[PDB]
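Just one chain follows, in the form deposited in one PDB entry, and it is written as structure tokens.
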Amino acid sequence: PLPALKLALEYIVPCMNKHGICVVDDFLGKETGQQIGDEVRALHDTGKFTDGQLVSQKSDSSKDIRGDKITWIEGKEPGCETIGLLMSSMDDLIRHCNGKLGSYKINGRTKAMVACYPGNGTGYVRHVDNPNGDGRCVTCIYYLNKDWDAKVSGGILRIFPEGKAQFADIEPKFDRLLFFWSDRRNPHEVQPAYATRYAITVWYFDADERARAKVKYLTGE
């Protein structure tokens, strides 16, 4: 197992700066990944998930755009402590990278979005996570689908990194951690899922961009 310092500086940082996408497989190991899976399944079973929403809701149903159901987790809720461990581990990696990811100064993040595509061909249309400057600079996703066969069950995250001659197809594999720049460099989509698909996302904020975004929100722009 690589320490956070080496994984951040010798792998995540150069991969993010060269490609804008970075995959770390077998991030937490099978035992912890299974416990996270159980916590997510209990959120699902107890009706905590609600339809995923969009930054700007207009005339169309949210379900025309994203077919997932989600809840937000801080990591200290009863029954969510292993999700909290995951979040702490993501945070430790970012802290060890901080200052070397582009020109960003990362001060904070969202709560964790625990999301489920409930099979049935649901997915997420082509989108950019942060197209207009809301502060988000890095998207971090942890996948927890044991026994996923994407050739049958679909659910690939396809990213279209700007300037590259190939797309990036990310299978939502158990215990996989993914980072990518949240801005318009990385439009992406979740292809239809034909089995229940779970993932946990946090977004990290750039300090200056997030402060500007909060100013715009608080002044009504």
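Each residue number is its position in the shown sequence, starting from 1. Residues that one form lacks are left out of the comparison. What we label the rigid core is the largest C-alpha set whose atoms superpose within 1.5 Å from one form to the other.
Participant: Compare the mean C-alpha B-factor of 102-110 with that of 76-84 as given in the PDB entry, and name the stretch with the higher value.
Facilitator: Stretch with the higher mean C-alpha B-factor: 76-84.
Participant: Between 163-171 and 181-189, which has the larger average Cα B-factor in the PDB entry?
Facilitator: Higher mean C-alpha B-factor: 163-171.
Participant: Sorting 146, 136, 95, 126 by Cα temperature factor from the record, which one lands on top?
Facilitator: Among 146, 136, 95, 126, the PDB entry lists the largest C-alpha B-factor for 146.
Participant: Of the three thirds of its chain by CA temperature factor, lowest, middle or highest, which one includes residue 47?
Facilitator: For residue 47, whose C-alpha B-factor we compare with every modelled residue in the chain, the answer is the highest third.
Participant: Hey, what third does residue 41 fall into on Cα B-factor, ranked over its chain?
Facilitator: It falls in the top third of the chain.
Participant: Lowest, middle or highest third: where is residue 34 by C-alpha B factor in its chain?
Facilitator: Tercile = highest for this residue's CA B-factor.
Participant: Of the three thirds of its chain by CA temperature factor, lowest, middle or highest, which one includes residue 130?
Facilitator: Bottom third by C-alpha B-factor.
Participant: Grab the CA temperature factor for residue 176 from the record and place it in the lowest, middle or highest third of its chain.
Facilitator: Lowest third, going by the recorded CA B-factors of the chain.
The same protein also exists as the form deposited in another entry; that form is not shown, yet it is the one meant from here on.
Participant: Choose, among 41, 30, 184, 63, the residue with a C-alpha displacement of 2 Å or more between the shown form and the other one when the rigid core is used for superposition.
Facilitator: So the residue whose C-alpha moves 2 Å or more is 63.
Participant: Determine whether the C-alpha of residue 51 shifts by 2 Å or more between the shown form and the other one once the rigid core is superposed.
Facilitator: Yes; residue 51 is a residue whose C-alpha shifts (by 2 Å or more) between the shown form and the other one when the cores are overlaid.
Participant: So the CA-CA distance for residue 189 and residue 61 moves by at least 3 angstroms in the other form. Closer or farther than here?
Facilitator: Residues separate in the other form, at least 3 Å farther apart.
Participant: Relative to the form shown here, do the C-alpha atoms of residue 57 and residue 120 sit closer together or farther apart in the other form, given a change of 3 Å or more?
Facilitator: Nearer in the other form, by 3 Å or more.
Participant: Residue runs between the shown form and the other one with every C-alpha shifted 2 Å or more, at least 3 long, rigid core fitted, in sequence order please.
Facilitator: Flagged stretches (3+ res, CA at least 2 Å): 51-67, 164-166, 214-216.
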